[PDB]
Each structure stands twice: as structure tokens, then as C-alpha cells.
Amino acid sequence: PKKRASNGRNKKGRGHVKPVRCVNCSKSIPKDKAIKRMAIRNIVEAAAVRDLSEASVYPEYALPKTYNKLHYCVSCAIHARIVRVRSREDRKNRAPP
Amino acid sequence: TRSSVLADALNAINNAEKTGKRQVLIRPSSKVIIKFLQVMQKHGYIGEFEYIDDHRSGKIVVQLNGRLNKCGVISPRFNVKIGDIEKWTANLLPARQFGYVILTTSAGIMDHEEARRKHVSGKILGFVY
Amino acid sequence: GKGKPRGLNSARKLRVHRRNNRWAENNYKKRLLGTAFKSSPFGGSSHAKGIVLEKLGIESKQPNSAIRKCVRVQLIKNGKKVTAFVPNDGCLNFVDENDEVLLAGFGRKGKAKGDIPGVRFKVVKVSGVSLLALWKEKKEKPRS
Amino acid sequence: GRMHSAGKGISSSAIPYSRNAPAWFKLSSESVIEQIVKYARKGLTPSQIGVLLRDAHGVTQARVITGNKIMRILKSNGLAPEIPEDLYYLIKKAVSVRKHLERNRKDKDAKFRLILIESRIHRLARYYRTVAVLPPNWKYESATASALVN
RNA sequence: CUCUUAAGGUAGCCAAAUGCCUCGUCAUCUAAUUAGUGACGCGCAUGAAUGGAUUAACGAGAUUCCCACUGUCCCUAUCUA
RNA sequence: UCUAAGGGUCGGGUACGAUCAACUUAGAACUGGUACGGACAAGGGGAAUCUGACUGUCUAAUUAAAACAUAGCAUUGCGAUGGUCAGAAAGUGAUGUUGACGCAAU
RNA sequence: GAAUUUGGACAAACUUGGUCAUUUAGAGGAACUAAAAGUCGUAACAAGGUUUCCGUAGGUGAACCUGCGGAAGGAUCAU
RNA sequence: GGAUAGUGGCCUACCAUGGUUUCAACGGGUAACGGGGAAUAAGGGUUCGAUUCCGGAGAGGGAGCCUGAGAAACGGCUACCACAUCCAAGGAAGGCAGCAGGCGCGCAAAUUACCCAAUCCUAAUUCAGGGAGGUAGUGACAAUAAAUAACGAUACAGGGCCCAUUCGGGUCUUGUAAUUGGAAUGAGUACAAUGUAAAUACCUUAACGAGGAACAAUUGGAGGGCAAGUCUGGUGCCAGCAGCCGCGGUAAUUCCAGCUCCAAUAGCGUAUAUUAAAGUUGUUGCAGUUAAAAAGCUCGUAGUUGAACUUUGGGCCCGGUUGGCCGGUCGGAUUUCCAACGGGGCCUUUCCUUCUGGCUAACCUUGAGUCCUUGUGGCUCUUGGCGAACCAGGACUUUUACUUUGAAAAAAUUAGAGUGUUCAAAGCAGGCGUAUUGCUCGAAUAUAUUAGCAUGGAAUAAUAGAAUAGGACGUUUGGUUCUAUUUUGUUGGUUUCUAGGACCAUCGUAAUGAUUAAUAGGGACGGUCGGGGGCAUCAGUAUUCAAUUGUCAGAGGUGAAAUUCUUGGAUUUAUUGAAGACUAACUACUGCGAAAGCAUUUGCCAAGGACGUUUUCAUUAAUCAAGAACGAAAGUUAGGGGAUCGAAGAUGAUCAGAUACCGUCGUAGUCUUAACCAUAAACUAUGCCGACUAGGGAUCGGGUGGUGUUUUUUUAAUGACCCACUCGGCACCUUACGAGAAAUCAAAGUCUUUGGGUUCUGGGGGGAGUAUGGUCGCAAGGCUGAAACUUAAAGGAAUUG
């Protein structure tokens, strides 16, 4: 007569969005998944701030910041970046610090 | 598309009852529904109600008391042959001594005991206990 | 409304759905015509006769480990070569090359039985006498 | 629910309980019908007329103000149009869409939309033919669509 | 694992009009087949536009078998110019 | 030996009558030593394999083919003070009354 | 009024093909299944050591690998 | 119309072009004549129905036929076909799916027996004939009752009862005993009879017939499921058992044996088929987020389903079925009483078919009423009212679905009343005498779905009737047609009225005729809304290459090295140009689209949501097998374009190997034109429409209002804000009120207190989404889609470790 088999499990999204390659390892990835961080630092370090200020022409000067948005591939995020892994309850929470 | 207005009304009633209320804005009425409520009211399962009237639909606000365990509808409205009503009473009601399979015959909309007494049958609508 | 139709005039659609959805049991084809008669070794029959081609030693399935003592019985009606088990201890000693026998289903409505792989027919009688009788030594194997 | 679109809207116009009245209303029964007839002569639909009278002048609703609907009132004086208004409008839309499609090629969505509209039109035709306001064995088609707009 | 090249025959296909050994071995066609056909293929020495493989249609092309039909033959006889 | 069905022209006190022509096709009887496309004229057919696709062309005097050709594919060189070729030279010539979707060579 | 004939319908039957169904031989090919200990590696399951898997295309003794897109059944519900 | 016994395409001449079909035709299969019924069933169902009553039969296969009222007969012919009988090879005779009987098949099934006594039938017929039938033998298919041992006393130990008097004896009973005795039988033989057609059996019966070594019970099992061994000897993953899980490898609660025991018992296993279990077929009544399942998406015919709305009520009588004083009768009932239960009338605007009517019936009929508790509880008569209560007729009275009641619903069987079958299955018998030449009760009762029939009911669910009025009544009034029994003097001819047939005509009557406008749907209109689509058009940067370059030894590249390119200036900064590339950052639990999927500017082309709306339409709709548009990425076809990235490929490393990961290049592609292609983890692995239930904020898009704030030109108008509110969304947070196997869920809820409408899919895993056949496609592949065979778990959630 007639007889056969199987299927499986679940998660949520939206529809479709275009990918943005991993800033570290060049893996493709969408932006609901994403894992993103804002790299917002000065050009100068804490050590460099004096040596410059001393040698600086112009009073007050400037000291701007290198801004850039960094996108990771989840795989690479756990390799280094602040993501790690949390408990059954903590993986529901969305607050950063 | 409401396939049965009565059905939805009864559903709403039951919902309210389960929630533990004393009132229900049910919609959009019918003579059948009114008759149903006359049967229910007759056997204590609902407190005295008020049919409100806007021309087109006609809503109702039933002041239900709390005696009601469960009212419900049987769709499709089958055809019943007097000998059959036993099986219905055996099937869907809680017990022999109480609970009313309400139904429609050529005499009118009424409970099953009344139909037995009258000695007629026709269709089945639903049940109340 | 729980998938299926609850129309008063549906009936047709219901019965046809059943006719469609009934096909999920090998036993359903047995009641219509019979898979037994077109395919299968036993032609819609309880028992079946045949001739012993050769004596066999089948390796048992794990965790068991033994040699089970069976026979390739070629049947008489169909002529299909089928493996068959020899019940009780010894009893392979009673049967010879090319003797008429009588087979029966192993027990599980076709299929295998326990540690024996492939074989699905226990021998009952050999040369017009039961294996049991031969084993207990109530009656003996008629040579003539 | 909506017949084709996914939306679930209930943007509609709730008539009050008042069937007689408005009580505050002035005027006579002849004036309103006359006005109706005027804008019919002018060449507008039961809908558009109904709008224009209601908003600019005093007619609350045609059935309340007179004793009949606008369509019937048009029919009586020989000013009802060749086919039903809404269906006509749909046909007009469809023709326009087809025209638009003719100039294009790679477009898909508009084709789908056309098809949807056509379906609706067909359904309407089934209805009107069933009640017999259009002729029986009357049919809309793509080839003689722009001929039907006249 | 190894010697060895510029690289070491790939996809396909064959005792093919390409295979010596050969009448290759197996099956099929027959009473009987170095013929034909299907297979197998470390192929003496197949093979990719020196084109490989497949083909509907066409063929005064090459081949084998079968139905029909015959003096081709058994087995020769006869008549006409 | 019959029947039927195919049409032309003239007619209306402001439905169809008269006539004139062909051949085609069908159907029916009736009939003969079952003969009848009567002589004449006029396809053997199929199942497969090999090979080149095909129509076409050639060794006029032994080879008509599986050879050549072809459409299709691929390649190469060439922007005219050019490419491929001719000429003993020539104020010479073919492609060229051409121009890269063209010409030449495979 | 028997043999015997003329015509006719009803027609078994065989000869021929055409079929529709049901079986069944077959060199050779390619599968699947089982069977205590057979060779080759180790492809998934832990981040299985290159995250898996899906579709599709190619490659490769073998698991498999690679491309483009997708999913997460992820190793992330997160500025 | 022949032929028929008569109808009809039965058969054709002539003419027509029909008939049937997704409401499943036609074809194919059937291990299919059918039903009555059998198995098993809480209800629902599921399986089987070969087995003495109809056109189809059928007589080895067909076809033909005479005879007869009846036959397409076959225990009758004719032929052919297939097989096969006997010869003095010329020729003849056959048919068994009636009994006896059995080759191969087998899993499987009986004496070449005696008789018409029953039971029936046929013949001119009580008298014959019947392998129909009966009778036995064969008989462990099934069913019924059913022996295989009983019992003292003694030797012991208990336990209940009698005198209720001590220890006195007991009627007794429950056991155990190499303690021992009499008794009672049937099997079996059988004088005999009975029985029967004649025998065998049985029901009776003299005669012989138990003491164990006898007149002897088996078949399974003893780890769990599932009642019964931590006994003995053997065996050593060997032999074997084991439906399933598992036992056995030197101590077996499972094997081979003993011993003991436990079931069922003249039967018990064993095999296959089926029914329950099985809600693992699911209407009642399943599942589909993962456990097996929702088609990618949308349309769309069939089918299924589909808002409300139309005498509801209020009265006044009449009599029933019930409740109970009264037991005025002797634990039997009457008739007047409070209420219930559904009835039947008449009235409230209610022809609640009738029109011509006889009986005009029940009656304004009353001729002088009485053997009545006045209060109306009621048997009682006299000359003459309203058509159904009885029939005669006609005129037209939506069309069913539904349901009540009735027959009609062959018997055995089923449920089941009675009853000596010695009980019982059964069978339909029998009981009772004044067993003197007699009496009498039975062989009931119920079941029969669907359809067909009559018959009330009229709620629910369908469906027509008055909307460019050829519309209902009608005392109106001409008229145009057609019919007509009686009579005028009779049968006929035309006529006059006459009664009715229809049709038409202007006047005549009625509140003259159109239900809503569904928090259903469609449609217009309004200013808005958007990374929705198409067609162009604009910008952006980087990437690569080129020229100019300014310059000087290592630049690429990794975990580290190498390939690699390098003063025939490399990487590298600045000035330009060229080609494709993609729309960064902004960009979010943000927005549109049916999805697939879509982000620069601007224009044009239509389209769409929500919202607003005392606009219109008026059930138009919800989902949908067939059929159809779109459908990522990768592919394919022929052009273009061909910068980066990059299947194949080459490579340098890596490593035991590397044709893989890491590197450096690089053809198809990535882009586009016109074609194809139809798959995806096409994913919220959550169908769609509708209703109802918990709170909470936040947000996109309208809308409403507020002496609100902000922005110009203090002020006006908008925009932008803030606040409150409400509609439609993308969603979220908190509980579980509920749901769930949990994980989790505002829907996976309102589902054993199981039914709002509908489509699709799944029924242990594999084999396999394979084979074959269809179909679409240039191909790659796509849709549709099995089988044998194999196997006890695969699996899904969680829980520790």
C-alpha cells in the first residue's frame, strides 16, 4: 500500500534582507542575525595623548575619533568578541552591560 | 463569514461563563437564538435577558447567573428520528436526570423531554447543562 | 473546524477521503484481492509442501551466536526456493537430501522470528510424518 | 477579510437609527428628486450624485429623504445607464491596466493585478446574469474591452 | 610503496570498416553459424573538432535474419522468333 | 437499367414558375462458367547492425562510394603609406563598383 | 412426398493479423537488503576540530569537497 | 412499423444529430451472481456470505434446433472445436458442476454400502418409479450432557452441634496415615426384547464385568508479560529455546532430561484468515511547531458551506392524560375539587382551498316542556335555518429536503413467551382423565436502515410570486372566439335568446405593489502612506586597469613559510581617464508586496493597503480536486557585457596521504537582452475565512479632539510635538485563566464538559521519493508515483551524568 517519513524544529525572522560580509572572516550573513558592534575610538591611545599634546602646534588642537560599524558572523563573534554564551533564562534578556 | 450566528453566540456565552461573568454582548441575534434563550431561561440556566435593537442586526445582552456549566451547538444540524434522541442524550449530556439537548421540530424549538412528551422530532441544534 | 468537512450533504467527500486514506496497511490489500496470490511464497495458504534441496547452517543475529540448522525447500506449486527452519534439537539428522516436507509460517504473520535472519517457515512434517514424533521417538520415519 | 488583498479593514459608513426624520430638514419631496434628475442629466453615477447632493446640499440619505433609492429613481425616469455602475467602473479600470501592460513587458505585478480584477469582473457578471440586470449570454473579454467602455 | 615523464588516455565507445593472438569467452538467431546480433573488455595498435558518442529522415552504399514469392537448385523438359 | 445530389439565365398585381447545359460523386437493383486497374501500364514488405546527416558533385573509356561538397561550429591574419594574391617591368594589376554583420587563409 | 438443389438470415469453427490483461526465460548490467568479529580511511554528533543542513552545478578511490543563494534544526534571542 | 405470445433501434428503410460524462461516465481489475443472513460488537462500525425459491444460469467450449402450453433442454438431437472409448480398420458411441469416487493441487474433505417405511413428487395415477430423499458406515468441521473413582472403621490431630449433668456417651464433620475392609457402578461384551423398511446403535434388561503392574488423561507451560521452582543431573554463545523482551561462553529461577508443581482437560496446542483490543481509519472520533503531516505563493471551475428579516403573541371556552381528601366499595375504583402536561375549538383586521349543491347536519327551527339540591352537576322532542360530518362533481390551490403515524413490509436465523428432550444443545411439543370405544391449552410476541406509498406537523433549510406592471380581485360595460344537454312536431340545416370556454377592451376596488443596508462583500470619491512594480534618467564611492607621476628596495601572504612579482622601478602618494560593480554609513524585534523579494536622485506609467465617509450596490460571499499567473539561488539556449568575487582547473604550502580547509592566479558564472527552467531549511519547517476570552506598555499609517507646546509674519494655515482616545498593521513584555509529551503557546486557547465553515496532507522505520508507466522540459531535471524484500525499534521532548 503506502508508507514513509520525517521533518523538524523552529525560529523567527521577517521575510528577506540582503547580507553583509563578515568584517573578520568574509562569511556571508543577513542583518536580523547580523551581530554588529560600533568601533568608536580615538586615533590616539591613553599613552599617546601626552606625547602628542606636547608636540602639538595649535592651542586646543582637535583629537577626532575613528568611527566604524563592524559586522560579525556569529562563529567569529564567539572566537573573540563580547558574545560568549548564557543560561536558559539569561538568553532571553536584551540589556547590554 | 459567520457560518452560524447561533453557534458564535453560544460560544461567547460559554466563554463568558468560564471567565465567571454575569453579562454578554452577543450578536447578531435570530428568532432561533431567542427561542433557545426561552428554553434556557425556562430551565433556570440563564437569568432574565434584554434583546437590544439596532434596525439591521439586533444584538442581545444576556444577564447570565452562573448555574450554566456548558451550552453548545451541534453543526451540522442533523435529522433525528425519536428513536435516535436517546443516543444523543447518552452521548453529549453529562447525566440522565438533567441536561437538555435542545432541538427544532415542526411544533417548535424546545428541549428533548418536551419533544418526547409532545411525541415529535425533526432536527438537532445543540445542548445546555 | 478540525480539518475535515462537517457538511450535511458532504458524505461523498468523506467516504472518498477514507477510500484514499485507508491505504496504509499491508493487510488492506489482503482483504480486496490478495497479495498472497500474485506475489509471496505461500499462495494464500496456511501450510506449503516442497522438496529439500540442501541443508543449511545460518549464523544467528546479535547478541546471540549459534548455527541454526535450516533447509532450502523448493516448493511444489510455485517452485520458489525458500529457506525453512528445523524445530527441536537434532532433527536436521532425520531429514535427507531431496525429501518431501510440509512447511508452516514461523509465527509472526510472515516476517522473521528472533535471531534467525531471512528464514520465515518452520518445518512441521517430513516424508508424511511430524518432526515432533521423530524427535520424541513415538513413530519412526517411513523409509518405504 | 477582503476578496483578494491580505488586509482586514472595516472602514465603513454607519447609517444612524433614524429612518424617518431628519426633523431639522426643510424642503419638499419633489425638490430632491428634481435635483437628482438634474445631475443624472448632467451625466454622473448614482454614487457620485449621492455624494454631491449630500455634501453640498441637504439630502442625508436618498431613502430617508424620498421613499426610494437613487438607482430606482433613475430607472423610473429612463436615465439608468446601460450596465451597472460598479461593474462599469471595474471594466474601465481593467481596460486602463491592460493598456498600461501593452506598453510594458518585464512587469509582472501589474499583470497579476489585472488578472485579479478580471476575476472580480467575472464574478460580478455571474451575479448580474443570475439576477438578470445584464443580458444573459453577455460576457466581458480582453479583445473587445475598449469597445465596451462606450 | 616505487622508477618515470611535457603529460601518462579523461568522458565516452569496441574483437567496431580500428583486435595480431582469434573461429576471443558468454548469451541470442539455426537441426548444425569463422556470418549477424547483444554482452564482456588492462584495447598487439579505440578515443574527443588528426572531432568522441548518439541518432529522426534520406541511401542505385556495406551487411544478417524473417514473411511473401520464384526453374537459382533438386531435375531438367518444352515452345516462339 | 435506374435513382439521388451537386448548377446558368429569365420571371414577381407594388413563397416559388419556365427553361438551358455540363461533368463529378454516391446509392440501388438486374446480370455473367467469380470474370472485372481483365491488354497495356504498375511499389515487394518487414526486423536489425555498419556508415555518411540530408538534396547535390566526381575518376568523360572498369571505381558513383563510406570519397568531394554543404549548411552549422571553430580558428587565424587584415583599418588601405594596409592584408591575400598577380606581374619581366610598368605613372601596372585581382580581391575592389570592396571596409571588420567585409575580404583573405585554414 | 425422401434425396437433392436457388437464395437468405443465425452462425460454431479454423487461418490471419490487430489488440487488452496476466505470468515468465534471459548472457550481461546496476541496485537494495541482511550476515560476531573482512580492507580503506574517519564523514556527522561536542566550535568533532573547516559550524551543520537545504537547493542546485561541477569535481573527486570512498566517505565527501567546492561554488552561488537560503535556513538555523547555531556556537548569537542583546547597544 | 414486421417479428414476437405482446412492448420497444428487437431489427433496419427514410430523416434527424443526438445519448452519456469529475454528482466518476467509458475502460481495467476482482482470490465478485446476488440478497435473506454469519462472525464480532457500549454506541458507531469492520469483515464474511461457495452451500434446496428470480434473467444470466450452466451441463467440456461455443453456436443452431425440433418436439411441446412450457426447453435454446443437455440423465434430447445437429454440427464444429478440444480431448478421449471399441474393433474381424470397413465403421460405431460419448459426455459425470445427480451417487460412487480423487490424478496432479494439495493446507484440505467419506461406502463402487441398504431402502422407498417415512418426506414428498410424476404417471392414464391409493397398487409402479425416484442415489430427489431416507438409512446407516466413514466422521475429534462444529455444538450438548459428560466417567476416569466413591465410603467407612481403625491410628492420630482438630472443628462445629445434643443432653447444658461433673472427664459420660454421642448423631457428626476437616484433615493426615508401606492401617485395612466390605460396597456402587459404567465402558465393555449380551439370553432377551425394543428399535427399523430390514438391520446397527441408543433408551430397558437377565449373565459375566476395579484394587492398581489396573478399566493408567492427555496437551502445553513453570525469568517477565501471564498461574506455577534463589530443586537435582547434564550442557559450556556449543547444541538448543525464545510470538516480544531475552536465556546458553564451567554454579542456567528459560536449553537436554529427571523431580515437583500450574493451566485447560477428552481435548489441548500449532499455522494462516479475519473481529475486538484499534480513538493504530477517527461521522460519532485521531494527528499535522519539532515527533508521520500545511501543498512556495496567489487565482480559479466543480463540490461543500453561506448575515438578519415575513402572526409573534393576548384572550374566552371545551374536553383528555395525570397527580389527592372522599376509600361513600369490601390490599379493587368511581366524580366533583386546588396545579402540571401536551390537546381541540372560537375571538382578537387571520378563506383558517373551495365554486354548483342536494341530507341541509349540529339548527332565529319551540307545537303547551320538567320523575332536576334556586346556585346550570344533567338521561328527556315538535309542522319548516349557514354544503362535507356523508357522498356527487369540477376551478386551481409555490417546488421539495425534514419528521410523526399506518400499512406493505416471505420463512429458518436474531432477541424472546411457554413446555420433561432423564437435564441440556435443541425440538415444537405436549398436558389431564371418571387410563369404560375420552377431555383440552399451544406452536405467541418484537425486529425489517435506504428507497416507493399514503398520512398529520409546519419550526428549521432551500425556491418562485406585483417593478420599461402584458399584476390580483369585479356587482361594471361593448365585444372576439369556442362549446353545448334539453325543448320548438320528431332525426337532421342554419338560427334568437339561453348557460357556460377562453381571449381582448376602456372604466370600477384596495394604505395600489420595491424588508433590511449585516462591526459580510464589492464599487466610487477624499487627501495621505510606502526600500510595492514597470519604464527610463541622476549621483555615489570604492575595486581593477591605464597614462601622468613622486619616490625608493624588498611588496603580496598567512599560525608560520612558500607560489608570486621585483631598479625592462616595482608595492607606494598626488593629477586625470575607462569599464563594469554594488546602493555603505543612516538601517532598527523599522516599511511595502500574494509570495519570491525590494533600499541613491528625478520624471512618466498604471496599481494597492489602511483610514475618512447620514456616498452607492444589494448577498453579490469563505474556502477550493481540475485548470492557470508569478515563483530566490544555481543551471540551459543565442546575443551582448565580461571590472571584482569566483564550481572546474593550475598551483605553493599543510600533512602519513590532500586533487580539502590556508594562499596566488583563473575558464563557466556573477551583470543584461529575449527565451527556457520550477526546485529551496521557498522557515513564523505553524493552512485560509469568522467569532469569543487576560493585562501592559512601545511602535508604523491614517482619523478624532484638546483655551495644550513648538515653528514663521508675536499672532495667521499647515507641518512637528505633547496628551487622551479610537481603527488596521510589523511586533513585543508579564502571567498562565486555559493548552500541551514537554520545550513552549495570547494563540498551538475556547477539544473526552469531545461538532463555527472549508481545502490539503500522515498513519513504525527502511526499501524510496527509488523502479515502472504516464506527463512537462532542448537538456539538467520536474510533477504523478508502487512493489518484492527487510527490520524492533527509528524518532520527539526533556532528566541527570
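Counting starts with 1 at the first residue shown.
So how was this one determined? The header says electron microscopy, 3.8 Å.
Heads up, the Cβ atoms here are built off N, Cα and C, so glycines get one too.
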Ubiquitin cross-link per Swiss-Prot, picking from D:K8, D:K42, D:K106, lands on D:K42
Candidate annotated in Swiss-Prot as phosphoserine, out of D:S11, D:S31, D:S47 = D:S31
Record (Swiss-Prot) lists ubiquitin cross-link for one of D:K26, D:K38, D:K139, namely D:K38
Candidates D:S31, D:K38, D:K42: member of the recorded positions with the richest Cβ shell (10 Å) | D:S31
Rounded inter-Cα distance in Å - D:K42 (ubiquitin cross-link), D:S31 (phosphoserine) | 17
